[PDB]
Each structure stands twice: as C-alpha cells, then as structure tokens.
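Structural overview for review
What follows is the residue order along each chain.
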Amino acid sequence: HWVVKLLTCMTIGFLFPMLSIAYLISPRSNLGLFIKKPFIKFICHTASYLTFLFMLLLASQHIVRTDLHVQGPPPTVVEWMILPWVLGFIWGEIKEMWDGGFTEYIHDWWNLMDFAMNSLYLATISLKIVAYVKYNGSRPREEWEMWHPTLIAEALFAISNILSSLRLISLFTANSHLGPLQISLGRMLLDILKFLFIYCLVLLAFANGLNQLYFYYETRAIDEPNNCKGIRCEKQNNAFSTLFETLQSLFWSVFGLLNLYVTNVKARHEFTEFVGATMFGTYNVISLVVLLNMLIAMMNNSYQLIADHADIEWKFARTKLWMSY
Amino acid sequence: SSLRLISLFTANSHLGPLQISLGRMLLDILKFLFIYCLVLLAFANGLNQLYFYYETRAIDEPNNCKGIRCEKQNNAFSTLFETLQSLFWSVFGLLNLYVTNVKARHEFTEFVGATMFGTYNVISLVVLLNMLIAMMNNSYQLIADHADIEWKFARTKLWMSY
Ligand SMILES: O=c1c2c3nc(n2Cc2ccc(Cl)cc2)Oc2ccc(F)c(c2)OCCCCCCn3c(=O)n1CCCO
Ligand SMILES: O=c1c2c3nc(n2Cc2ccc(Cl)cc2)Oc2ccc(F)c(c2)OCCCCCCn3c(=O)n1CCCO
Ligand SMILES: [Ca+2]
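Summarised in this report is the structure supplied together with it. (Residues numbered from 1 in each chain as written, not as in the entry; some residues may be left out. Chains lettered and ligands numbered in written order. Part of a larger assembly, values for the part shown. Heavy atoms only, no water.)

A few words on the side chain of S249 of chain A. With respect to the secondary-structure elements, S249 of chain A resides in helix α12 (residues 243–252). In contact with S249 of chain A, other than residues within four places in its own chain, are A239, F240 and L258 of chain A. (Helix = DSSP H or I, 4+ residues; strand = E, 2+ residues; numbered from the N terminus. Contact = heavy atoms within 4.5 Å.)

Below you can see the structure in the form of structure tokens.
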C-alpha cells in the first residue's frame, strides 16, 4: 500500500513531456496509444500543474536580478517562459465552451474562479507595456507618485497568486480519507449567512451615533506627532471622525487590537466622554457574549444530521469526476 | 525525561479510563492540521511578494534591533522565514497593528496590505476553531461506552510483564 504503488506513480510523472511529444509525432505507434488511458491522462494533467506552481516561487524571491530604480525594465528570463501556460489556459477555457451548452457551462461554481484569474493575469501585460513605452530614465524610488503604473502593476500580480494557489482543494474528492471531509465542510457555509445578515444590521446601526457625536473635534496631520493621522500609527488618534474610519474601527476591535484611550477628547469636556465610553461598551456585550455563543450551538446541531449518508454523496461526486476522461 | 510519568496512570481506577478517552481526541486534529497548513502556505506568499522592496538594515534602526521580539516591532514581512513566524504568533494576539505601515508615503499599497492581513483572520479564528469544537463534541459521545473493556486489557498486559 505504501511503497510500490507510491513509487510507480512518481515514476510515470516525470515522463509526461516525452509522452506528449510522442503522441504528437505519431499517434498510431506502440509508444503512442499509451496515453489514451483514463489514469495516465489524470497523472499527466496533475503533474503539469505543480511545475507551474513551482516556477512562481522563483519570481517571488529573486534568485538573481538587477537593482530597482528604472521606471520600466525589460522582462527577465523567468517571465519569458510563463506566457505559454497562460495562453494555453485561455485557449482551453475558450474551447471547452464550444462543445458544450452555454447554460451548461455557467452552472459550475469553479468557472467563477477561472474568469477572475484570467482577467487579473491579462491586465498586467498592458499595464506593463504602457509604462515601458511611455516612461524612460531612472530616478530614486522615494519620489514616485501614488498612482504610478509600475506600482499598480504589482498589486494585481501579488493578489493573483493567492487565487491561483487555493485551487488544490478540488482534488480531495479522489481520496477516501479527505473525501467525506469536503462534503461536511460544504454544509457549514450555509449557516453563517443569516448571522451575517443580523450582524450587518447591528453594525450599521451603531456606526452612526458615534460618528455623529465626535465629528466636532477633527484635527489635522501637521499638528500631530510624526505627521501620522488615523489608526495604524504608533499612537492611535482620530478614530471616530468620518464614516469610513468608524467602520474599520469597529471591525478591528473584535479581535482586540484597539486601545481604550481613543475615547478621550481634548477641550476638557467631561460629560461627552462618559456617553462615548458607554456607547462603546454596550456594543461589546451584544457582539462577543450573545452572538458567538449561538453560532457554536447551531453548528453543533447542524453537524449531527449530515454525518449520516456521507458516503452516498461522495461516490456520486467522484463518479461524476471519472466520467470526464 | 519528566513527561514519562503518564504511563503509570493505567494502574489506577480513577485516572485509568481518562487516558483511553484522551487517546481518541488526537485522531481528530490531523485533518484540520492538513487544511490549516495549506491555508497558511497559500497566504505566506503574497505578503512576502508585496513588501520585499522596503527592507532596511539594523544600524539605521533604534537600539540596533531588527525584526519582531524587539520593543518596537519592525521588518515583519521582509523574508519568507519571518513571514511564517509572524502569522503564527498573531493567532494568540501578540502582534500589533502598526507593522503594516510602510515608509515613503505610498498610500495605495498599505490598504491592500491591511486587507490581506484582515481577510486571513476571519478564515482562521471564526470558521475553523468553531468546527474542532463541534466535531470533538461528537467524537467523545461514542467512546464513552466500552471504556472499561479497553482499560482492563491494558492493565492486564501490564501485569503480565513482571
Ligand atoms: O462599566 C459599564 C457597565 C455596564 N454594565 C455594568 N457595568 C459595570 C458597572 C456596574 C455598576 C456601576 Cl454603578 C457602574 C458600572 O454592570 C452591569 C450590571 C447589571 C447588569 F444587568 C448588566 C451589567 O448587564 C446589563 C447589560 C449590559 C450593558 C453594559 C453597560 N455597561 C457599561 O456600558 N459600562 C461602561 C461604563 C463606562 O464607564
Ligand atoms: O475592515 C475590513 C472589513 C472586511 N469586511 C468588513 N469589514 C469592515 C468594513 C465594512 C464596511 C466598509 Cl465600507 C469597510 C470595512 O465588513 C464585512 C461586511 C460584510 C460581510 F459580508 C463581511 C464583512 O464578511 C465577508 C467576509 C469577511 C472578509 C473581511 C474583509 N474585510 C477587511 O479585510 N477589512 C479590513 C480593511 C482594512 O482597512
Ligand atoms: Ca473550467
């Protein structure tokens, strides 16, 4: 169970390029016709993906590169060899839509994660060539603008890797131990919706009074130490001034990362600070003691009804998988 | 050498059936450990790829201290070895919030950094720890029965060695 059948599969994995080119040159030989088997196709398709996912860790941490002061540099050798993968993925996505129903295509929920990836990969080429053609020269990095093309053309490339690495969860249905765990996790995500609705109402209700009470004492940045304004500084300040900051403030205090001296106002007024502190203290009891003690009690009940018939719904899925090769 | 006094609990009637019930709980953390490991190496990459342009040195910092564990934390998302220790310690609450603020005045990067840091907490502290409880609760109520047939077997196997 653990040695020979574990080694044969690793052995076949390495042979995928030569098998591909052999099928390409002659499809009726004895080396050809050996890839038209439902298991070998699976192994080859699975092995052709870890190579792509491993040629991306080299671009994250530079193995060898040049200094970073030019506006638009030419692409390096690692980036020259990634285009074929993207082009092949787009061509395959377009081809799958042809010999299949359009309504039949849109009924799968994974296609919704293969559209966003493709869009975020397609924007970067244009955003990079624009800066390669327009700009020229070199200047230090501490004087660039906030909306420079070279700065916007890296955030999308950083975001895309996360959505491209979380797709190894659709392979758990081919195993007997990790199989029935995805089916039990699929049910838990139908319990957070209603509590999310109630929490959203309870949060926009409170996000209004606190903003209405504190919008008289808004200072500026130059009059503050170290020219820092808002939370995320070393000394937090101006936390209930606008409506966009009052919504980020209330979110971060669920985990415990908000201090208590942010309710103290200048100008000596004492009657306002007490009402502010009471409004801040009433919001914690409703959210941390009454609501999180109900998710547990409901998810406990929901789990004990899906434990049964958990093998009739995994075999259906893995049968639907096999029938595609 | 001091944690080996737990193999003597099988010779007593009160502490005996407790080790047998603890032995079953350790077969539930494995799969959640697998899923958590995948969810953590997925996120440990983007944050490292976004912040590796602003790595300073030690001599230009106060008191010649670089990294977390100083009095004023700094350089938390520079390399891949620090990004993996940073994400671990934040589960308990020992990481501050001013570590996502970069120099050089750029404002559009800090927002994306803060959003990436904030999305990782909801998936780990609200959706996963609320499932270990609900599954360990079910696993315990099936081993409570026949808990005296498996303790006497063990203590019989003990006696037969002397
Ligand atoms: O300190 C409190 C507080 C409190 N409810 C309390 N306490 C403690 C307390 C007790 C007595 C006194 Cl003479 C002063 C403070 O205690 C109780 C006492 C009886 C209760 F039944 C109860 C809470 O729960 C009711 C719902 C919780 C509302 C929190 C408001 N609430 C509150 O917003 N603050 C913040 C005020 C900022 O200064
Ligand atoms: O502050 C948040 C935040 C948030 N989801 C939120 N909020 C609070 C919020 C509400 C409204 C506005 Cl206009 C701005 C912030 O609230 C919601 C609102 C509806 C939801 F359905 C929900 C969360 O849960 C979705 C999954 C959680 C993703 C966290 C992202 N997420 C997040 O990464 N940050 C960090 C940003 C750093 O500045
Ligand atoms: Ca697809």
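Picking up where we left off.
Right, let's get into the coordination of the calcium ion (ligand 3). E93 of chain A (OE) and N111 of chain A (OD1) make up the full set of protein donors to the calcium ion (ligand 3), lying at 2.6 to 3.2 Å. With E93 of chain A in helix α6 (residues 83–96) and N111 of chain A in the loop between α7 (102–105) and α8 (112–134), this residue pair connects regions lying 18 residues apart in the sequence. (Donors = N, O, S within 2.8 Å, 3.2 Å for Na, K, Ca; no water.)

Right, let's talk about the state of the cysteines for a bit. Taken as a whole, this structure holds two disulfides over all chains when the rule is applied. Here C228 of chain A engages in a disulfide with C233 of chain A; their sulfurs sit 2.0 Å apart. Looking down the S-S bond of the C228 of chain A and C233 of chain A bridge, the torsion is -90°, so its handedness is left-handed. Residue classification places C228 of chain A among the partly exposed residues on the basis of a relative accessible area of 21%. Here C65 of chain B pairs with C70 of chain B through a disulfide, and the sulfurs are 2.0 Å apart. Handedness here is read from the sign of the S-S torsion; for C65 of chain B and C70 of chain B, about -90°, the answer is left-handed. Distance from the sulfur of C9 of chain A, which forms no disulfide, to the nearest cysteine sulfur (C44 of chain A) is 12 Å. You can call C9 of chain A partly exposed: its relative accessible area is 37%. (Disulfide = S-S within 2.5 Å. Buried < 20%, exposed > 50% of the residue type's maximum accessible area, 1.4 Å probe, protein only.)

Turning to the interface of chain A and chain B, a few remarks are in order. The partner chain B presents 36 residues to the 37 residues of chain A that form the contact. With both chains or domains summed, chain A and chain B bury close to 4,100 Å², and 73% of this area falls on carbon and sulfur atoms. Taken together, the connections running from chain A to chain B amount to one salt bridge. Between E110 of chain B and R232 of chain A there is a salt bridge, with its nearest N and O atoms 3.9 Å apart. For the side of chain A that touches chain B, the residue count by class is 27 nonpolar, five polar and five charged. (Buried area = accessible area lost by both parts, 1.4 Å probe. Salt bridge = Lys/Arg side-chain N within 4 Å of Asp/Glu carboxyl O. Nonpolar A, V, L, I, M, F, W, Y, C, P; charged D, E, K, R; others polar.)

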